Amino acid sequence: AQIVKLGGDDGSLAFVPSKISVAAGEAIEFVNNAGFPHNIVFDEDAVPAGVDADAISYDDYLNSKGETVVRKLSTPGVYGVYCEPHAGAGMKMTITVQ
Ligand SMILES: [Cu+2]
């Protein structure tokens, strides 16, 4: 499992960490931490071929501290993720699945 906090403890609008490498099938736990609402959108222009980016996104807002969304990815490659409300602040991350 890799834990990714949504919002830095210090108040930055960031995925912390924002660059991770995981094994195929390894759990990624997105934990709502600070500066929410946040959501988790996989970028359809930055996912491997054959991956439906909408299937794995969580489009609804995460409103409470501690709400945790878990995804496991199967296809190797690079996955770009962003938060819609905070995309302009730099709240984006990259996941490499091996
Ligand atoms: Cu956000």
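One is the number of the first residue; the rest follow in order along the sequence. Indexing begins at 1, ligand by ligand and atom by atom, following the structure's order. Values below: every heavy atom of this structure, side chains too, minus hydrogens, waters and symmetry copies.
- Donor-acceptor pairing under 3.5 Å is recorded for the side chains of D10 and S12.
- Scanning all heavy atoms of the two residues, the minimum distance from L6 to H38 falls at O-NE2, 3.5 Å.
- With values rounded to the nearest 0.5 angstrom, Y58 atom OH is found 6.0 Å from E67 atom CD.
- Side-chain atoms of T68 come within 3.5 Å of backbone atoms of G66 as a donor-acceptor pair (strictly under, hydrogens ignored).
- Among all heavy-atom pairs drawn from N63 and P37, the shortest one is OD1-CB, 3.9 Å.
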For residues 77-85, please give each side-chain donor-acceptor pair under 3.5 Å, one per line with the distance, not counting sequence neighbours.
from : atom 1 : to  : atom 2 : distance (Å)
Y79  : OH     : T75 : O      : 2.7
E84  : OE1    : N39 : ND2    : 3.0

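- The number of protein N, O or S atoms lying under 2.8 Å from the Cu ion (ligand 1) is 4.
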